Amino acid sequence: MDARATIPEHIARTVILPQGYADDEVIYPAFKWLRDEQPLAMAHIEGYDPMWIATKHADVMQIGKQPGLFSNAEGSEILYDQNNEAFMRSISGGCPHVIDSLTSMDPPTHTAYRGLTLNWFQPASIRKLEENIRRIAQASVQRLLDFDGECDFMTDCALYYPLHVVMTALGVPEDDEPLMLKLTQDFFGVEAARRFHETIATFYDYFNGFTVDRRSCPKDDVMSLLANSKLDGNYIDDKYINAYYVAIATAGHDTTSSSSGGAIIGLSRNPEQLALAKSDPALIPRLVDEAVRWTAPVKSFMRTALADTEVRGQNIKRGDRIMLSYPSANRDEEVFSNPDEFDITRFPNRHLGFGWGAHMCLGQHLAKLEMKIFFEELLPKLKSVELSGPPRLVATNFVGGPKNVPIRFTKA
């Protein structure tokens, strides 16, 4: 079954299939076997293409730095079994990408489209939003504190906070939360082509009304920036502007909620850390990097090789699919000691949670700023937080992490 495939089928099924990601003691041991035994090897299971699994921190940095060699755009950047990639190419008119977002793009296209928002996402630009993001965090902290010491931290709090922040960055009204939750939770959640096609049409007509509006009535927000952008003396095609609004909102919602949940499971299991964080606010930034390392919400992205190459003495033929495991890179013993412990003091924390390379998460500065402001508002409000039952994690090999964290808390 592709004779170059060496990973034992049991490990291979555990790392690829979506089931095992709902449980950390299923998936982290398998990846640990891989890093210790077959750090970069080929797996081929039934229903999927052969693929190399880059499990080492150093190999994920190296593949991600070379877009000329390992392509986003040639195959599906998302891990789908053949069956599914097929249904998708139907929906998508031949090509393995459901919308034309930055992740489906190789440079120079990618550099141009990414270029349009890149500086709006840089730290200095993101500071303008601070009074707003603190207003949103206080409303969300209040909501949780209105419970008498019990709630699901996700579905009662962290589900809405990251969506409110990305709605404000885009310029979408507070009142359209229903439709944005429908976009990220229902339509892009975890005949069908007939209903796909007219549902994306309805969202595109909706966003289209904002593009037109920002073109006569400009505001400082991402919709206005991209509406009014022009590449070669012409406005960006509506397909790319609307895929960009969708890419930011979906890319920015679940990853930030999941990492905030991850932080609460880590502090609930390690009360010495809550106490440490409460006594030195300077440590919140440290807690945010550790929550995103430890949680690793994006479990993988894919790459297709554009030439025969060699990484860690392996000979990657042209056309080979490669899986990038951000969870395995964040627990590589060559970079981190006791990588399974949640430890907020961990420094330096050079995790690959936001990726590395050309496609490195555009929203990383916005994601660290809104998680830091949320926790600065929340931690002083709590005397304690503990889990009241097991977190429920999403079974998915793409964006998973906690979906339910039932907690008990005492107000300060």
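The first residue of the shown sequence is 1; numbering continues from there.
Novice: Between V190 and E191, count the deposited residues left without coordinates and pick a bin: none, 1 to 3, 4 to 9, 10 or more.
Specialist: Unresolved stretch here: 10 or more residues.
Novice: Taking the mean of the C-alpha B-factors per stretch from the entry, tell me the winner out of 88-96 and 75-83.
Specialist: The deposited B-factors put 88-96 ahead on the C-alpha mean.
Novice: Averaging CA B factors per stretch from the PDB record, which one is higher: 310-318 or 335-343?
Specialist: According to the entry, 310-318 carries the higher average C-alpha B-factor.
Novice: Checking the record values for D221, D289, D254, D232, which has the greatest CA B factor?
Specialist: Answer, based on the entry's C-alpha B-factors: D232.
Novice: Using the entry's values, work out which of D146, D152, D205, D213 has the largest Cα B factor.
Specialist: Highest CA B-factor of the listed options: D146.
Novice: Should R114 be placed in the lowest, middle or highest third of its chain by the C-alpha B factor in the entry?
Specialist: It belongs to the middle third of the chain when residues are ordered by C-alpha B-factor.
Novice: In terms of the CA temperature factor given in the entry, to which third of its chain does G47 belong: lowest, middle or highest?
Specialist: Highest third of the chain for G47's C-alpha B-factor.
Novice: Quick one: classify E377 as lowest, middle or highest third of the chain based on its Cα B-factor.
Specialist: According to the entry, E377 has a C-alpha B-factor in the chain's middle third.
Novice: Lowest, middle or highest third: which one holds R350 when the chain's residues are ordered by CA B-factor from the entry?
Specialist: Within its chain, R350 is a middle-third residue by C-alpha B-factor, going by the deposited values.
Novice: Name the third of the chain's ranked CA B-factors that contains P327, choosing lowest, middle or highest.
Specialist: For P327, whose C-alpha B-factor we compare with every modelled residue in the chain, the answer is the lowest third.
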